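Student: Experimental coordinates for this protein are included below, preceded by the sequence.
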Amino acid sequence: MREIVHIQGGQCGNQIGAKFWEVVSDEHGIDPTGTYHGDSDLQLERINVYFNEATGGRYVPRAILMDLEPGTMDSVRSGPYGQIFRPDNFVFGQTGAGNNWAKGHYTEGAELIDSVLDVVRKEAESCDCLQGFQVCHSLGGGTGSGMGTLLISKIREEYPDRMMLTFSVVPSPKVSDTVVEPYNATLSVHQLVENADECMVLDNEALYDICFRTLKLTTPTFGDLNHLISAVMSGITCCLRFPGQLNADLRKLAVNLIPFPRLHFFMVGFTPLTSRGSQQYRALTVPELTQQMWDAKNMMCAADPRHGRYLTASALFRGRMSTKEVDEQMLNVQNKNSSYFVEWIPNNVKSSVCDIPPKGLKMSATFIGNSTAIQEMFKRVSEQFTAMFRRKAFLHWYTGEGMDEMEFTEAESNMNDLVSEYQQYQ
Amino acid sequence: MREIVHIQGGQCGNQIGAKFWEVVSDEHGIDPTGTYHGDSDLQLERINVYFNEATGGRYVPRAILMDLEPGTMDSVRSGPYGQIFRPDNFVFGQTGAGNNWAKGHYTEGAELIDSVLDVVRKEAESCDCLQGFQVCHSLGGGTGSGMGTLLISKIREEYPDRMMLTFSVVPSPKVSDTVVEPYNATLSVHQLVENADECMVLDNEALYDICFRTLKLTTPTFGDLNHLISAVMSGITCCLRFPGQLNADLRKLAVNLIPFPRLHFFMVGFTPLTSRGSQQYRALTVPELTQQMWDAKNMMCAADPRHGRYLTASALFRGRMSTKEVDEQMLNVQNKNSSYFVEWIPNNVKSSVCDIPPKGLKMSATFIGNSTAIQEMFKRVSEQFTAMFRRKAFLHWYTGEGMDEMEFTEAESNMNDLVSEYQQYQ
Amino acid sequence: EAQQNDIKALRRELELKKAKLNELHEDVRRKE
Amino acid sequence: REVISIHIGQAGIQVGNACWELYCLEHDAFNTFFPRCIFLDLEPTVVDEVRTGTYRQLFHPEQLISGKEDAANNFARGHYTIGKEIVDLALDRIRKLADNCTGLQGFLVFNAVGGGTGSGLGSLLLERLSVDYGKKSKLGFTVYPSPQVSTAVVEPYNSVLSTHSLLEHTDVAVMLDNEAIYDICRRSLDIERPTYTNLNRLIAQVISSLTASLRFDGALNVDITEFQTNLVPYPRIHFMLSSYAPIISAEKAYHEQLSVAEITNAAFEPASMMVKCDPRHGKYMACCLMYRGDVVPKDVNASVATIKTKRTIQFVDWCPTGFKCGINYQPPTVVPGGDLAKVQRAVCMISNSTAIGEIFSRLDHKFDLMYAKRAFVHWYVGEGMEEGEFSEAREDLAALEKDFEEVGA
Amino acid sequence: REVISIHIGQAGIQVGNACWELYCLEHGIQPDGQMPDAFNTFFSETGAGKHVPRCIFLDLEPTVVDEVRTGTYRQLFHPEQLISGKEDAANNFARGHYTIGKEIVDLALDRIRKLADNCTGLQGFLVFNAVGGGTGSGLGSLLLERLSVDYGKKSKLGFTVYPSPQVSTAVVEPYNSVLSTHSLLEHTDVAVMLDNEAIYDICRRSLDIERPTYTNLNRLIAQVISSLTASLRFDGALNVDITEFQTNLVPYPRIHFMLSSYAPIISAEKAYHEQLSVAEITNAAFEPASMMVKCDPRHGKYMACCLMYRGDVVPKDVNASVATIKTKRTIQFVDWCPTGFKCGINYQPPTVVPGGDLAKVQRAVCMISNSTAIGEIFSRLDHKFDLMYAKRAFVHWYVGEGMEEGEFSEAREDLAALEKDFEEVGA
Ligand SMILES: Nc1nc2c(ncn2[C@@H]2O[C@H](COP(=O)(O)OP(=O)(O)OP(=O)(O)O)[C@@H](O)[C@H]2O)c(=O)[nH]1
Ligand SMILES: Nc1nc2c(ncn2[C@@H]2O[C@H](COP(=O)(O)OP(=O)(O)OP(=O)(O)O)[C@@H](O)[C@H]2O)c(=O)[nH]1
Ligand SMILES: Nc1nc2c(ncn2[C@@H]2O[C@H](COP(=O)(O)OP(=O)(O)O)[C@@H](O)[C@H]2O)c(=O)[nH]1
Ligand SMILES: Nc1nc2c(ncn2[C@@H]2O[C@H](COP(=O)(O)OP(=O)(O)O)[C@@H](O)[C@H]2O)c(=O)[nH]1
Ligand SMILES: [Mg+2]
């Protein structure tokens, strides 16, 4: 019925998406060979939202892998749940951008973006009632950020009414892999504020910090971090796939958390998250899920929400639970911590309950707070951007590719006016 | 409903609390795994006071372990009933104070006590109706005395309207484990007289005396001492956990035994405590419990009450008993030895009976007497404090951390006027 | 480095003051 | 004589899923229901739970209407953009349901005004039903959002914009909150952790108690046209507090001595109203008492006398005879898995007063605060609305507040 | 006609557990609540064959209430009746009267209202409390205050447990008794004293039980209440009601304190070897070896006495027996009262409950008298209360709750004034 087309870009997008299709295929009970093998009836009637029946019970995902380097494609095809994609959907350039936003947005994207659009169109009209697209990329890299961003703009030109989710990671100075992170992230946000419908901001500091403190992992490789991000993405679109006592689709959450059209950058959290040694020392109640939800040390961004106020907040619950406990818990946190919430908006919390838990758990929750503490990172980025751009560091690698000085000034302007509007509404 | 959160500090606190949680869990029929395996329905009715149900019969103790060296934390998880504590309740520093009350109260406390406070807050708000807090620690050491006393002061200014028990062993010259015992005891008692609601004095000298004569043990390790202390703590709070013909709660005991807000230092004893050689030749009636209760060689302090006067006294009886017999025995011991009792208060003894004996005995009792002879300890400790401080011994380890000289003089004055004020009401 | 300590002290004080304010607001609501 | 029921939205058809379960379990008397129903929604998830449920064969396949995609808590979307393609199919069926009928008493609609489907296409369905039939009654049992317990954020926008049409379209409008029902299940039913299912079960009890007069022969029967006169003293004042007694568990019921005198009292205390409002602040304009089961006219007669002579509650100065009684013989039925015990007799009271004037005033500030800063308005305007209808719905509730204050004097 | 019975505190609801036990075993009702019309005074009928007692157990500590919720009579009591708080007053009159009392007594009131509304010919209330505690003392006096302003004209039979002179369990109970009597004085219409040492001596000597617990105490108290309500429940040759004691026994609106006794309290073996008639039980009701309050009426003077008779008793010999008492000179009546007796005979004997230690006796007497020996007990309380008050011991707990020094001195002089009042009526 409602349809979700998946688009993954860059190394970050491909590996995040690989873990994503692993957990979704297990949820719908599909084997690594593509055939249905589940047990419950419930897992059959809502697989068209993510799959297409091909022939002989072959359910292939409705996904599009997109990059510029073959290492990621071969690593994808090698591992399990790698032989479930249609090889025609591995749209793939050959030269590579390499952490140069200009390459991924003007030079190399110019010959790939045609082929991705062909595949995504044929894959879009294959289904009847499109709900929206779902993109997973980064803002530090070049072929993820630049090409993925250009793809977002072209898609919003063709399909202006359909929804759009973007799970994007942003760079932070404490975990700084590339040197040109500010030059990329600033330009990428300039396009995200006008093209995406909503962006769920992620970061590696909070992810590494979460696996240290709460999960208490010893060696948190990218597999575990990508596993956490995938659990968030499954939680946000569980309402379409399963019946519940109160449903909330993508559009329903968007209208309840975005009070002004440019204020669409969210913080995300997932619960419950407990160490393996302490999994049996705990209950599974709604109050326990709420204490772990509203903890500021549990967002998957490196921006403390208690440094500002919440404008709105959302809680998607999964499991057999009493709706009264849901509303009483949301009201309780709304009264005791009255200063952290905006005043000219009562009821800053939208809630929803689905009846099917994720596999292996009894009851889970996903938090999406649209706070005004997110402006610290934009200031935290803009100060670095000005540090380079006052003195034209690394600038020629982009200038000799097409960007002029007005493009960077425009990116600073959009960043600065945005942080003022978050400060205005606090 | 009526609830007690338990706090153990330092090495002394950890062993005392360890043997304590084994005794209570065995009374409620919970095995080392932490699952219910008892038979009587009565054992389940009153587990909310000390435990929380986690899942599938798993009961976790409502306790917080707090120390500075990991040797005690690992020794706790190794022994039996070690796997029942929630690992998050092991709030814990790393450096170590080491028998320096200033290091325990000013340097290392200032960064650990916020953590232990946060755990206590979660444990207090997790339950509904607080009856009080229960803190076990020593007065000679540093990480128990200074940090624990700071925790007491911080908690009392947070929840001022709830009771608070503290069980503290105090140093004596005959059992002199450290060298700066008086410098620690005098400053600790200064804070206890102004913060704690009621204290229960203990000492290691009397415990060694009990294990020699009454128990007639060959090798009294610390396990047996902690066994006696645990039996006392279980005996006093038995009234909240089991019904009886005459129930007496903690607050009921506090208002009945404390005539003046500064006179809250009690000496405690427990009966029956007999050797295996003579336990076979004994009878179990009320008079035999009393004349072993009120014996001076059974008190758990080295403060002989017949060198003073009794203000008030209390007995907590356990087992199917006749209340007439209980009251006439208290009447007999008060009429004969009338000189040992205060004169301007008739019927100096509060009494109560509970209908659940501890396992292994048919009938038991627990004595709590608020005598004035406790001042023997205050003079006995203050002279050793004076003997070093007149000459400035060991002072620089206290002075160079933030404490000045008027702290010792104020502490001396308050301890000295306290023993003076006990003497006046005597 | 000095100004960094000033930042991490002012925020903690600010945080404590905000928590106290919430308590006062809660009491007014219950009392009304 | 038959009456057909329409159910709109996630809340509407879940209420219906419990209501029709009671009707089949209760049952020539059946003729008024046997179903003459229509479920309709924009999200197919809850309707298609019925299509595969236990009542697969019970409902004719066409009856269960279902759109393609949800309005998503958007009154404008469910009233202007998406409603326009499904409402025509729905009402062009309901017509042939009425042509199947001969002695149609009326329609009864179930909707929650917080959402977009329950609110938006609720009003849209109502407007074409009013122009098509006009005279036939349409009882609307709506679910308004509670003051302090709340699940959505933009629901003030929806509740005001829905009410502006609920005034002049429905004939008899019964308010029902969720906090009040939650309190009822907590206080009387002692259920500390209730869900939506328990709420919908006792909502069905109220509906059944007011249609049992048509279905079964009583000592004093009362039709749907009777409520039309006896409780609405003015054409635009039709908003009814509801109550029920005895709402009681399985064990307490046997212990207590349920009778007519005390349940007439219990149906009047604010500890048992289905709407979170205190009628001590207001004055009763009229009361209506449906008695089911083991009732002689004497003790109901004696009970209304004691209420009138009490002074804890007051009436308007206009009505000395401020009551309408009604007695039916068949006792209320029970559902296996339900929590209400079997009772010889029960009372469903529907009153009208000025306490309702408080809920609208309470509603006004929340809508007013958000609207002043133009929060969330861009969603509704891009859907097809303008600033005109926001401000004009605001002043409509302002007029209603002055209206209640004038009539109450 | 109906009378409802309220129980406050640990001692109060324990006494009720023995009373309702005795009641169902008397009227042939199983503990579940169904028969296998005289029960109408105490039990209301559901109409489905289930009988529910007219009573409300309430206290501040949930321990003693919830064993009742799970005993044999789980199904006899309606759930709402068994009120229970969350935390105890802890032997602190002020804590039960101002801090914790102010939240719980309003729930008890809006409960007791619909018990009275279910009734038609309400004779009165009767309250059970022990003044030594904080619940029975504090909110008990608070409940009596609000009961007087609500009804006023209805009787309030206060069966209170005063602290014993020498045998005591608490230490602040002198404070609690003085402050409680200060309000129990002007609220209770008829207040009966029940000490604890006296009942202890009865079970030791008469019942020859050398190891008694609280069970036997509560058992015989229920026996006295049963003997006192038989006149209301059943028909006799000469009956009285509960409004009769209001007039016939209290000469002045502040002298209402009665000494109770009962006879014969006899074990299973003495009855077999001993004879029962009206004259000897009329004697045995007056000797101080059978009184329920440690005082001696031999030291006092009687104003008026009351005599309940149960079983096979004719009226000729109750008159002859009371005549023999008046002609004796060990006890004397007040000069102002030439006739000092109120007699009553009822047909039904006292039933026995299995498990109790009361024998099946053919006849019994329940005496309720008024005297001036009661003045000695109140004075005896004042000595040890004033003993500690001057030095301000234990005052800090009550004043920390929200009281002051004023109410001690003003309550002290009020009961001191009562001492002078008792001495001047005796002259
Ligand atoms: N009593 C009751 N109320 C319900 C139930 N389900 C939803 N509600 C109420 O419905 C309101 C929101 O509208 P919903 O019915 O959930 O959704 P909708 O009306 O169909 O609108 P959309 O979400 O756009 O489809 C909430 O405020 C709930 O209080 C229910 O099962 N019982
Ligand atoms: N006669 C009699 N007296 C009892 C009994 N149980 C307790 N008491 C008396 O009650 C007095 C203390 O009051 P309790 O009823 O036990 O306690 P309370 O009145 O509820 O006050 P709190 O302890 O603060 O709750 C004691 O002095 C006892 O003499 C009993 O079974 N029979
Ligand atoms: N969570 C996660 N982050 C990744 C992964 N691979 C790369 N990143 C992040 O992506 C940023 C670099 O992006 P990059 O891979 O160069 O993007 P691309 O070159 O456009 O495909 C770094 O800051 C990494 O932290 C991954 O597998 N998981
Ligand atoms: N009863 C008892 N006392 C102990 C035990 N372990 C240590 N102590 C006492 O602790 C005192 C020294 O305190 P210490 O353990 O160093 O305290 P800390 O360093 O602050 O934790 C000595 O006087 C011992 O008597 C034990 O297992 N049982
Ligand atoms: Mg809906």
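Tutor: Structure received. Numbering: from 1, shown residues only, chains lettered A, B, ... in the order given. Ligands and ions are numbered 1, 2, ... in the order given.

Student: The residue in the stretch 251-400 of chain A that ligand 5 sits nearest to and chain D: what is the separation?
Tutor: The stretch 251-400 of chain A approaches ligand 5 most closely through residue A:252 (7.9 Å), counting by CB to the ion. For every residue, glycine as well, the C-beta is placed using N, CA and C. For residue A:252, the distance to chain D equals 4 Å [CB to the nearest CB, to the nearest Å].

Student: helix or strand for that residue, which one?
Tutor: helix A:250-257 (DSSP states H and E).

Student: moving C-terminal of that helix, what's the next helix or strand?
Tutor: Following helix A:250-257 toward the C-terminus (DSSP H and E): strand A:265-271.

Student: Residue D:143 reaches residue D:115, doesn't it?
Tutor: No. Using CB atoms under 8 Å, residue D:143 is not in contact with residue D:115, being 9.4 Å away.

Student: which one of the two has more residues nearby?
Tutor: Here residue D:143 and residue D:115 are compared on neighbour count by other CB atoms under 10 Å in any protein chain shown; more neighbours surround residue D:115, at 34 against 25.

Student: ok so, going back, for the helix holding residue A:252, name the packing helices and strands.
Tutor: strand A:163-169, strand A:310-318, strand A:349-354, strand A:364-371 (3 or more CB pairs under 8 Å, 6 or more residues apart in numbering or on different chains; DSSP states H and E).

Student: And the contacts of that helix?
Tutor: For helix A:250-257, contacts defined as CB atoms under 8 Å, 6 or more residues apart in numbering or on different chains pick out A:131-132, A:163, A:165, A:197-198, A:236-237, A:240, A:264, A:266, A:311-314, A:316, A:350, A:352, A:368, A:370, D:70, D:72-74, D:152-154, D:376, D:379.

Student: Narrow those residues to just the buried residues.
Tutor: With neighbours counted using 16 or more other CB atoms under 10 Å in any protein chain shown, those contain these buried positions: A:131-132, A:163, A:165, A:197-198, A:236-237, A:240, A:264, A:266, A:311-314, A:316, A:350, A:352, A:368, A:370, D:70, D:72-74, D:152-154, D:376, D:379.

Student: could I get the helices and strands packed on helix A:250-257 as JSON lines with distance to ligand 3?
Tutor: Below are these laid out as JSON lines (distance: least, CB to the nearest ligand atom, whole Å):
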{"stretch": "strand A:163-169", "distance to ligand 3": "6"}
{"stretch": "strand A:310-318", "distance to ligand 3": "22"}
{"stretch": "strand A:349-354", "distance to ligand 3": "26"}
{"stretch": "strand A:364-371", "distance to ligand 3": "18"}
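
Student: of all those strands, which lies closest to chain D?
Tutor: Closest to chain D of the helices and strands packed on helix A:250-257 is strand A:349-354 (CB to the nearest CB; 5.3 Å).

Student: got the angle for that closest one vs strand A:310-318?
Tutor: Following axes from the mean of the first three to the mean of the last three CA atoms, to 10 degrees, one obtains 10 degrees for the angle between strand A:349-354 and strand A:310-318.

Student: Need the three-state assignment for the residue of chain C found nearest ligand 4.
Tutor: Across chain C, the shortest distance to ligand 4 (CB to the nearest ligand atom) belongs to residue C:12, at 28.5 Å. Put simply, residue C:12 is helix when judged by DSSP: H, G, I helix; E, B strand; the rest coil.
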